[PDB]
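Please read the structure below before turning to the comments.
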Amino acid sequence: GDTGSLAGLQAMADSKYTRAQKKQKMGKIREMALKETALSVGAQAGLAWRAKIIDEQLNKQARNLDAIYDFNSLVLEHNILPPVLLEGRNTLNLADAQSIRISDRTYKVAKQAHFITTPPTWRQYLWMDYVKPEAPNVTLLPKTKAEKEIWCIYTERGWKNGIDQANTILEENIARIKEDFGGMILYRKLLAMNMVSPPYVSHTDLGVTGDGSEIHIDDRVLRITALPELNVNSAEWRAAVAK
Amino acid sequence: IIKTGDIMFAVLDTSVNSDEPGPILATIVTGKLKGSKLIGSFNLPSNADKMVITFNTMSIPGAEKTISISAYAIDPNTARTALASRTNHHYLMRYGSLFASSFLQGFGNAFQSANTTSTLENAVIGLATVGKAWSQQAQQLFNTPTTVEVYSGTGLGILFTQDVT
Amino acid sequence: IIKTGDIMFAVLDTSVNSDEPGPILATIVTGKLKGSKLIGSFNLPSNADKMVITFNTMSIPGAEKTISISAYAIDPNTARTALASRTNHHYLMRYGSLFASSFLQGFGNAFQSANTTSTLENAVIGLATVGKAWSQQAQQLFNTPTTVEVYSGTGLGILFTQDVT
Amino acid sequence: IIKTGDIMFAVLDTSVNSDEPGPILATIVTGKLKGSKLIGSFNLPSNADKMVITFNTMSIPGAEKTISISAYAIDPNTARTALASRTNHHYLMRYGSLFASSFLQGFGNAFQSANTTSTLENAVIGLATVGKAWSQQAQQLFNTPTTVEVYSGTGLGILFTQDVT
Amino acid sequence: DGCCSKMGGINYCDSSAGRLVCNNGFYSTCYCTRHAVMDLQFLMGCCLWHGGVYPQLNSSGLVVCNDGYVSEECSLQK
């Protein structure tokens, strides 16, 4: 007894608990492997089950995902993916003592704009990979009824843990696609604000080409010569106001 | 990196009598190694209080290497080193043969001895002479042990002995 | 490139008595090697509860090469090491010869001993003297083991021991 | 730094009979070293007064080191070196077989000697001749000692001998 | 069971449409060939929308895809 610990120590001076402790010492020394195996297999099974449930729930209502994540609306006129911009407000850094550096707002290019063939979808961002594991193997078995019951409850705890892991992974994917979409819409708003440069491209046309063996009847080569970037001078900045 | 002396498992698919040693392989079914096969051999103990398969040669798929982590066997779901087999194979055969040879010899000689105090004479004849030669041949053959035999569908546990990389 | 300790099939097509060991060939019937032939031999155990074929002389067609991968045998669809043959070939014959020689010896000596308390005398005579030399000759020739014999219409399963290229 | 001769706890999860020595490993669960485990072996004493495990190959996980601290074993919560197992395993079987073979010999000789002062004679016959061969065989086989066997669920204590780092 | 049940029965399979044709001249509701019009949305496997499964048998339980993305949920856990 550690609560009224002097009285508990006077009680543990009695010889009854001294020999009572040995026969429970073996039970408290021989149980961990069953516990850890139950935890591990519960983790695997719960993770798989919750992942399948999540995929079913995701694919149940796919239409509004395509409604909201229309990249094909945001593809530019020369079939160009717009770049990714990141913004920040109330910047403050402390390098060390006697040194504070502050700023109001800030901007940063994350992904440079590049060519595309097809607009992306949400499935590569958000689909959870599913594979059922059909390999149940038991190393050490719970041999008594109390061991089987605690095996069940540690399986239940592992089920909960796998549920937690699946939920965190799903929210991680949500965060990534939110970051990318916010970057593109921020770029569009800043170009509307005339803060960034428009991307500049050219096309060169070449006539009826090819040798005497094989021919191509035209050759138009398109190359982007100027990536979008911000202007460092603020004189060309136009504001906006609503009603 | 494998730590020196933890416990792994395998499932054995092939049976062998304990008479002629040879390569015997188990299928490592769990752990970091999948598709792994383990060949070794066996030894004949003097007493049947345990029986093991000595394992030495490990083959792991994927990469073409043959590491030499060698280990022993414990019984599945017992964590003991005995082998689940039968050992009462040749108690009764040699026991009954020797005892029948003895009883034959005794029958012929003592029912010859009690003659003073023709078919019964021929009983004495047959017992008195087929007891002795079968008795010496039975004591010649009495030393053959009862073999043990593993089975072709039993798993096993394997406790590590050294490190590998 | 063959993994160490995996199981392949072969089919044994010709039979041989286990008295003269020799090169015995099988045709490997499954796996990456097709049309391949293999010679090896056996060994005679003291107790005949299993019988195996050592298999090393491997010939593969396509190119004239002869690899020497050595491996042992298991019974397919049985996964045990015994030979499916007869083992009681020469027990009862020598048993009967010894016991008959004994009965002769006993007949002559005991029914001469019972003389105190023509044809019967000559029966004593004949069995008395033809028991002895036949009995010592029966113990002379009693030592021949019971032969086993592999069969010409049962295949075998070959489990690998080392790697080849 | 470990004090030269302190006490540690080790977890025994696998059993072995005291017939063939081998690398038997326990797992230290206390002290500064976590996840550490230690293999060793046992010895067969002449008398069954106690049975102990010697431990040599010590491994600390994480990093590739394998120290060789030698130690002995004590029974937990007894502070003694005995093993909790059985010791009356093979007294009674050999005692009964030997005394039965004796009683057969005695029955034949004394109940033949009491003949002067058919089926009863055959009883004398059977005991008379099957006593002696079983008597010499039992005197041959009496020499096997009683085996002990440790358990797969009782750990033990370890007292140190040398220093490591 | 009977695909052309309550009909004339199975006549033959059109492979240009991948469908069986009943003896009454109607397209059946069972397919015969693989190369027909399926409507399936649930898919198995992992390293999906990626480089696929990397073919090397790694010693570690972490399995990576060929495009470099790491799929720990396809992998085992610590």
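Residues are referred to by chain and number: the chain letter is A, B, ... according to the order shown in the structure tokens, the number counts from 1 in that chain, and ligands are numbered separately from 1 in the order shown.
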Residues near residue B:6, anyone? I mean within 12 Å using only C-alpha atoms, not counting same-chain ones fewer than 2 positions away, as a VMD selection string. (chain B and resid 2 to 4 8 to 9 31 71 157 to 163) or (chain D and resid 11 to 14 23 to 27 35 to 39 58 to 61)
Save out the residues we just selected, N, CA, C and O atoms, as a short mmCIF file (atom, residue, chain, number, x, y, z; two decimals), in the first residue's frame.
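Once written, result38.cif looks like this:
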```cif
data_model
loop_
_atom_site.label_atom_id
_atom_site.label_comp_id
_atom_site.auth_asym_id
_atom_site.auth_seq_id
_atom_site.Cartn_x
_atom_site.Cartn_y
_atom_site.Cartn_z
N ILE B 2 19.82 -8.46 -36.93
CA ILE B 2 19.00 -9.35 -36.12
C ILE B 2 19.66 -9.50 -34.76
O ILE B 2 20.84 -9.86 -34.67
N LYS B 3 18.90 -9.22 -33.70
CA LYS B 3 19.42 -9.28 -32.34
C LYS B 3 19.75 -10.72 -31.96
O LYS B 3 19.13 -11.68 -32.44
N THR B 4 20.74 -10.88 -31.08
CA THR B 4 21.25 -12.20 -30.73
C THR B 4 20.28 -12.90 -29.79
O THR B 4 20.33 -12.69 -28.57
N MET B 8 11.72 -16.95 -33.50
CA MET B 8 11.06 -16.94 -34.80
C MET B 8 10.30 -18.25 -34.97
O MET B 8 10.41 -19.17 -34.15
N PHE B 9 9.54 -18.35 -36.06
CA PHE B 9 8.71 -19.52 -36.31
C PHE B 9 8.91 -20.04 -37.72
O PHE B 9 9.34 -19.30 -38.61
N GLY B 31 7.69 -12.93 -39.67
CA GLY B 31 8.89 -12.16 -39.44
C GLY B 31 9.24 -11.25 -40.61
O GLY B 31 8.43 -11.02 -41.51
N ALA B 71 20.45 -22.42 -35.79
CA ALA B 71 19.61 -22.42 -34.60
C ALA B 71 18.97 -23.79 -34.42
O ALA B 71 19.15 -24.69 -35.26
N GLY B 157 9.21 -23.86 -33.62
CA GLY B 157 9.77 -22.59 -33.24
C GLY B 157 11.29 -22.67 -33.18
O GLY B 157 11.87 -23.72 -32.90
N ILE B 158 11.93 -21.54 -33.48
CA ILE B 158 13.36 -21.47 -33.69
C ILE B 158 13.91 -20.29 -32.90
O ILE B 158 13.48 -19.16 -33.09
N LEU B 159 14.85 -20.56 -32.00
CA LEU B 159 15.44 -19.50 -31.18
C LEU B 159 16.85 -19.19 -31.67
O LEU B 159 17.68 -20.09 -31.82
N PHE B 160 17.10 -17.91 -31.92
CA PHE B 160 18.31 -17.44 -32.58
C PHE B 160 19.53 -17.61 -31.68
O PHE B 160 19.43 -17.69 -30.45
N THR B 161 20.70 -17.69 -32.31
CA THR B 161 21.96 -17.95 -31.62
C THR B 161 23.00 -16.88 -31.87
O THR B 161 23.80 -16.58 -30.97
N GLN B 162 23.04 -16.30 -33.07
CA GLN B 162 24.03 -15.28 -33.42
C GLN B 162 23.38 -14.18 -34.24
O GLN B 162 22.19 -14.24 -34.58
N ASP B 163 24.17 -13.15 -34.54
CA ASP B 163 23.71 -12.03 -35.35
C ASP B 163 24.07 -12.26 -36.82
O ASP B 163 24.99 -13.00 -37.16
N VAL D 11 13.85 -13.42 -18.08
CA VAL D 11 12.53 -13.96 -18.40
C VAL D 11 12.70 -15.25 -19.18
O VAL D 11 13.25 -15.25 -20.28
N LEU D 12 12.20 -16.34 -18.62
CA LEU D 12 12.26 -17.63 -19.28
C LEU D 12 10.89 -17.98 -19.85
O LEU D 12 9.89 -18.01 -19.14
N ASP D 13 10.87 -18.25 -21.16
CA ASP D 13 9.62 -18.45 -21.88
C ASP D 13 9.63 -19.78 -22.62
O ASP D 13 8.60 -20.21 -23.15
N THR D 14 10.79 -20.43 -22.66
CA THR D 14 10.93 -21.71 -23.36
C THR D 14 11.47 -22.77 -22.41
O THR D 14 12.26 -22.46 -21.51
N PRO D 23 21.93 -23.70 -26.60
CA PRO D 23 21.76 -22.26 -26.35
C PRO D 23 20.33 -21.92 -25.98
O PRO D 23 19.42 -21.88 -26.82
N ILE D 24 20.14 -21.66 -24.69
CA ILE D 24 18.86 -21.27 -24.12
C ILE D 24 18.97 -19.81 -23.71
O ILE D 24 19.94 -19.42 -23.05
N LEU D 25 17.99 -19.01 -24.11
CA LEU D 25 18.06 -17.56 -23.96
C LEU D 25 16.95 -17.08 -23.05
O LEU D 25 15.83 -17.58 -23.10
N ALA D 26 17.29 -16.12 -22.19
CA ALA D 26 16.32 -15.40 -21.38
C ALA D 26 16.40 -13.92 -21.72
O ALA D 26 17.34 -13.47 -22.38
N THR D 27 15.42 -13.15 -21.27
CA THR D 27 15.34 -11.74 -21.62
C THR D 27 15.38 -10.91 -20.34
O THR D 27 14.52 -11.07 -19.47
N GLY D 35 15.30 -4.24 -23.55
CA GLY D 35 15.24 -5.09 -24.72
C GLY D 35 16.38 -6.08 -24.82
O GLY D 35 16.51 -6.76 -25.84
N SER D 36 17.21 -6.17 -23.78
CA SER D 36 18.41 -6.98 -23.83
C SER D 36 18.11 -8.44 -23.51
O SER D 36 17.22 -8.74 -22.71
N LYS D 37 18.84 -9.35 -24.15
CA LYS D 37 18.63 -10.77 -23.89
C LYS D 37 19.96 -11.53 -23.89
O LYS D 37 20.95 -11.08 -24.47
N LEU D 38 19.95 -12.69 -23.24
CA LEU D 38 21.19 -13.37 -22.87
C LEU D 38 21.00 -14.87 -23.04
O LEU D 38 20.09 -15.46 -22.45
N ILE D 39 21.86 -15.48 -23.85
CA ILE D 39 21.84 -16.92 -24.12
C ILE D 39 22.94 -17.59 -23.31
O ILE D 39 23.94 -16.96 -22.96
N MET D 58 25.61 -12.23 -24.07
CA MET D 58 24.70 -11.16 -23.67
C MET D 58 24.62 -10.15 -24.81
O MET D 58 25.65 -9.75 -25.37
N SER D 59 23.41 -9.73 -25.16
CA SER D 59 23.19 -8.81 -26.26
C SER D 59 22.30 -7.66 -25.82
O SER D 59 21.22 -7.87 -25.26
N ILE D 60 22.77 -6.44 -26.09
CA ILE D 60 22.02 -5.20 -25.89
C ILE D 60 21.53 -4.74 -27.25
O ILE D 60 22.35 -4.59 -28.17
N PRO D 61 20.22 -4.51 -27.44
CA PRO D 61 19.72 -4.19 -28.78
C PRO D 61 20.04 -2.77 -29.23
O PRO D 61 20.64 -1.99 -28.49
#
```
Discussion item. With DSSP run on the backbone, what are the strand (DSSP E or B) residues within stretch 23-81 of chain B? I'd like them as a list in words.
Written reply: residues 24, 25, 26, 27, 28, 36, 37, 38, 39, 40, 41, 42, 53, 54, 55, 56, 57, 58, 59, 71, 72, 73 and 74 of chain B
Coordinates of chain C after Cα superposition on chain B, as an mmCIF file with C-alpha atoms, in the first residue's frame:
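Once written, superposed.cif looks like this:
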```cif
data_model
loop_
_atom_site.group_PDB
_atom_site.id
_atom_site.type_symbol
_atom_site.label_atom_id
_atom_site.label_comp_id
_atom_site.auth_asym_id
_atom_site.auth_seq_id
_atom_site.Cartn_x
_atom_site.Cartn_y
_atom_site.Cartn_z
ATOM 1 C CA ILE C 1 20.641 -7.231 -38.321
ATOM 2 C CA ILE C 2 19.043 -9.767 -35.958
ATOM 3 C CA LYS C 3 19.095 -9.643 -32.155
ATOM 4 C CA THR C 4 20.846 -12.528 -30.412
ATOM 5 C CA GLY C 5 18.447 -15.099 -28.973
ATOM 6 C CA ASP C 6 14.957 -14.252 -30.208
ATOM 7 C CA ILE C 7 12.263 -16.672 -31.380
ATOM 8 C CA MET C 8 10.827 -17.012 -34.912
ATOM 9 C CA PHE C 9 8.418 -19.507 -36.502
ATOM 10 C CA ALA C 10 8.787 -22.105 -39.245
ATOM 11 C CA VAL C 11 6.509 -24.820 -40.620
ATOM 12 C CA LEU C 12 7.667 -28.371 -41.323
ATOM 13 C CA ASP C 13 5.944 -29.825 -44.362
ATOM 14 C CA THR C 14 7.610 -33.181 -45.085
ATOM 15 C CA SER C 15 8.215 -36.066 -42.647
ATOM 16 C CA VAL C 16 11.141 -38.467 -42.216
ATOM 17 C CA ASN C 17 11.927 -41.510 -40.080
ATOM 18 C CA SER C 18 14.814 -40.972 -37.687
ATOM 19 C CA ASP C 19 17.112 -43.633 -39.132
ATOM 20 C CA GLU C 20 18.880 -41.728 -41.925
ATOM 21 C CA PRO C 21 19.735 -38.136 -40.972
ATOM 22 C CA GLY C 22 19.598 -35.675 -43.814
ATOM 23 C CA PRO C 23 18.866 -32.157 -45.026
ATOM 24 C CA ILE C 24 15.314 -31.280 -44.020
ATOM 25 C CA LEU C 25 13.901 -27.926 -45.132
ATOM 26 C CA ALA C 26 11.244 -25.700 -43.589
ATOM 27 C CA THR C 27 9.725 -22.412 -44.732
ATOM 28 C CA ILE C 28 10.122 -19.487 -42.346
ATOM 29 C CA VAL C 29 6.561 -18.326 -41.824
ATOM 30 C CA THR C 30 6.899 -15.146 -39.740
ATOM 31 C CA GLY C 31 9.178 -12.170 -39.215
ATOM 32 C CA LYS C 32 11.161 -9.865 -41.474
ATOM 33 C CA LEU C 33 12.219 -12.723 -43.758
ATOM 34 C CA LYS C 34 9.357 -13.944 -45.973
ATOM 35 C CA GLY C 35 9.578 -16.597 -48.658
ATOM 36 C CA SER C 36 12.771 -17.893 -47.054
ATOM 37 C CA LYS C 37 13.679 -21.588 -46.881
ATOM 38 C CA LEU C 38 16.042 -23.424 -44.526
ATOM 39 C CA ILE C 39 17.705 -26.869 -44.486
ATOM 40 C CA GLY C 40 19.257 -28.650 -41.526
ATOM 41 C CA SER C 41 19.258 -32.087 -39.876
ATOM 42 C CA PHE C 42 18.662 -33.953 -36.593
ATOM 43 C CA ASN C 43 20.627 -36.150 -34.204
ATOM 44 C CA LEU C 44 19.539 -39.346 -32.461
ATOM 45 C CA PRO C 45 19.599 -39.199 -28.648
ATOM 46 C CA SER C 46 20.130 -42.182 -26.378
ATOM 47 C CA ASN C 47 16.891 -41.447 -24.521
ATOM 48 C CA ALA C 48 14.240 -40.178 -26.921
ATOM 49 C CA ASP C 49 12.438 -37.791 -24.542
ATOM 50 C CA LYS C 50 13.322 -34.866 -26.821
ATOM 51 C CA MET C 51 14.221 -34.372 -30.476
ATOM 52 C CA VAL C 52 15.493 -31.192 -32.126
ATOM 53 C CA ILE C 53 16.393 -29.989 -35.613
ATOM 54 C CA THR C 54 19.704 -28.175 -36.026
ATOM 55 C CA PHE C 55 19.082 -25.477 -38.634
ATOM 56 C CA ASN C 56 21.912 -23.696 -40.398
ATOM 57 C CA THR C 57 21.526 -23.638 -44.192
ATOM 58 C CA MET C 58 19.377 -20.514 -44.644
ATOM 59 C CA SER C 59 18.358 -19.337 -48.134
ATOM 60 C CA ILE C 60 16.620 -15.962 -48.512
ATOM 61 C CA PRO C 61 15.159 -14.839 -51.875
ATOM 62 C CA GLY C 62 15.518 -11.454 -53.550
ATOM 63 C CA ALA C 63 19.270 -11.862 -54.010
ATOM 64 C CA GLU C 64 21.196 -15.104 -54.503
ATOM 65 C CA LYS C 65 22.875 -15.309 -51.107
ATOM 66 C CA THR C 66 23.064 -18.081 -48.510
ATOM 67 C CA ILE C 67 23.619 -17.006 -44.903
ATOM 68 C CA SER C 68 24.509 -19.655 -42.328
ATOM 69 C CA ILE C 69 22.822 -18.636 -39.066
ATOM 70 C CA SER C 70 22.662 -21.737 -36.862
ATOM 71 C CA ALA C 71 19.846 -22.182 -34.355
ATOM 72 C CA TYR C 72 17.787 -24.794 -32.467
ATOM 73 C CA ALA C 73 14.097 -25.677 -32.123
ATOM 74 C CA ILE C 74 11.321 -25.459 -29.519
ATOM 75 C CA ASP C 75 7.715 -26.626 -29.765
ATOM 76 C CA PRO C 76 5.446 -23.633 -30.540
ATOM 77 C CA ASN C 77 2.481 -23.030 -28.192
ATOM 78 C CA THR C 78 4.145 -25.633 -25.894
ATOM 79 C CA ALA C 79 7.592 -24.047 -25.366
ATOM 80 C CA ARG C 80 9.166 -27.439 -24.662
ATOM 81 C CA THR C 81 11.827 -29.469 -26.430
ATOM 82 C CA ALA C 82 10.139 -32.859 -26.881
ATOM 83 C CA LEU C 83 8.963 -34.400 -30.149
ATOM 84 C CA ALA C 84 5.241 -35.102 -30.552
ATOM 85 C CA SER C 85 5.565 -38.681 -31.802
ATOM 86 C CA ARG C 86 5.519 -42.294 -30.624
ATOM 87 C CA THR C 87 8.352 -43.865 -28.639
ATOM 88 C CA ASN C 88 7.118 -47.440 -27.970
ATOM 89 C CA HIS C 89 7.679 -48.754 -31.508
ATOM 90 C CA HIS C 90 9.886 -51.808 -30.912
ATOM 91 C CA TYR C 91 9.708 -52.853 -27.262
ATOM 92 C CA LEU C 92 6.927 -55.410 -27.099
ATOM 93 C CA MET C 93 7.881 -57.299 -30.284
ATOM 94 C CA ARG C 94 11.384 -58.210 -29.110
ATOM 95 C CA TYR C 95 10.025 -58.750 -25.573
ATOM 96 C CA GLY C 96 7.591 -61.341 -26.912
ATOM 97 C CA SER C 97 10.185 -63.039 -29.119
ATOM 98 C CA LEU C 98 12.625 -63.405 -26.200
ATOM 99 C CA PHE C 99 9.947 -64.637 -23.803
ATOM 100 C CA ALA C 100 8.610 -67.178 -26.310
ATOM 101 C CA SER C 101 12.118 -68.551 -26.917
ATOM 102 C CA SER C 102 12.553 -68.750 -23.138
ATOM 103 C CA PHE C 103 9.242 -70.613 -22.650
ATOM 104 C CA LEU C 104 10.335 -73.120 -25.284
ATOM 105 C CA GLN C 105 13.675 -73.732 -23.511
ATOM 106 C CA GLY C 106 11.954 -74.146 -20.152
ATOM 107 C CA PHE C 107 9.289 -76.477 -21.515
ATOM 108 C CA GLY C 108 11.776 -78.859 -22.998
ATOM 109 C CA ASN C 109 14.152 -78.966 -20.051
ATOM 110 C CA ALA C 110 11.609 -79.073 -17.215
ATOM 111 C CA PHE C 111 9.192 -81.524 -18.775
ATOM 112 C CA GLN C 112 12.128 -83.728 -19.641
ATOM 113 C CA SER C 113 13.259 -83.435 -16.012
ATOM 114 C CA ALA C 114 9.801 -84.490 -14.817
ATOM 115 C CA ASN C 115 10.004 -87.767 -16.774
ATOM 116 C CA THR C 116 11.037 -89.897 -13.790
ATOM 117 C CA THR C 117 8.607 -89.179 -10.951
ATOM 118 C CA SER C 118 4.844 -90.002 -27.096
ATOM 119 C CA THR C 119 3.252 -86.640 -27.874
ATOM 120 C CA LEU C 120 4.369 -85.057 -24.588
ATOM 121 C CA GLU C 121 7.898 -86.303 -25.315
ATOM 122 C CA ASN C 122 7.827 -84.693 -28.758
ATOM 123 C CA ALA C 123 6.572 -81.447 -27.206
ATOM 124 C CA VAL C 124 9.588 -81.614 -24.868
ATOM 125 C CA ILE C 125 11.717 -82.310 -27.958
ATOM 126 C CA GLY C 126 10.492 -79.388 -30.008
ATOM 127 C CA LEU C 127 10.512 -76.681 -27.404
ATOM 128 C CA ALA C 128 13.792 -78.044 -25.922
ATOM 129 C CA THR C 129 15.729 -77.512 -29.073
ATOM 130 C CA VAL C 130 14.006 -74.540 -30.721
ATOM 131 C CA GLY C 131 14.242 -72.397 -27.595
ATOM 132 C CA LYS C 132 18.032 -72.183 -27.605
ATOM 133 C CA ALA C 133 19.106 -70.863 -31.010
ATOM 134 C CA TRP C 134 16.103 -68.552 -31.163
ATOM 135 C CA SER C 135 16.941 -67.256 -27.671
ATOM 136 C CA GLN C 136 20.537 -66.407 -28.520
ATOM 137 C CA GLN C 137 19.369 -64.872 -31.806
ATOM 138 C CA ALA C 138 16.773 -62.832 -29.901
ATOM 139 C CA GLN C 139 19.502 -61.506 -27.612
ATOM 140 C CA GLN C 140 21.518 -60.934 -30.794
ATOM 141 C CA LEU C 141 18.843 -58.748 -32.417
ATOM 142 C CA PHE C 142 17.455 -57.340 -29.160
ATOM 143 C CA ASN C 143 19.582 -54.170 -29.394
ATOM 144 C CA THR C 144 17.622 -52.182 -32.037
ATOM 145 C CA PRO C 145 16.314 -48.901 -30.538
ATOM 146 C CA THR C 146 12.778 -47.567 -30.912
ATOM 147 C CA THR C 147 12.826 -45.009 -33.718
ATOM 148 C CA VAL C 148 11.141 -41.627 -33.478
ATOM 149 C CA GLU C 149 9.656 -39.811 -36.448
ATOM 150 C CA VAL C 150 9.041 -36.120 -36.969
ATOM 151 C CA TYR C 151 5.762 -35.290 -38.671
ATOM 152 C CA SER C 152 4.866 -33.549 -41.927
ATOM 153 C CA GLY C 153 2.112 -31.358 -40.505
ATOM 154 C CA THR C 154 3.520 -29.708 -37.380
ATOM 155 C CA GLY C 155 5.643 -26.574 -37.387
ATOM 156 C CA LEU C 156 8.490 -25.640 -35.085
ATOM 157 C CA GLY C 157 9.884 -22.555 -33.379
ATOM 158 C CA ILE C 158 13.452 -21.466 -34.007
ATOM 159 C CA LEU C 159 15.394 -19.549 -31.357
ATOM 160 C CA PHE C 160 18.487 -17.655 -32.485
ATOM 161 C CA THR C 161 22.074 -18.185 -31.320
ATOM 162 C CA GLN C 162 24.183 -15.573 -33.159
ATOM 163 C CA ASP C 163 23.812 -12.421 -35.247
ATOM 164 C CA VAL C 164 23.731 -11.986 -39.030
ATOM 165 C CA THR C 165 23.781 -8.832 -41.156
#
```
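Every residue of chain A that lies within 8 Å of chain E is listed here, counting only C-alpha atoms: residues 44, 47, 59, 123, 124, 129, 130 and 131 of chain A.
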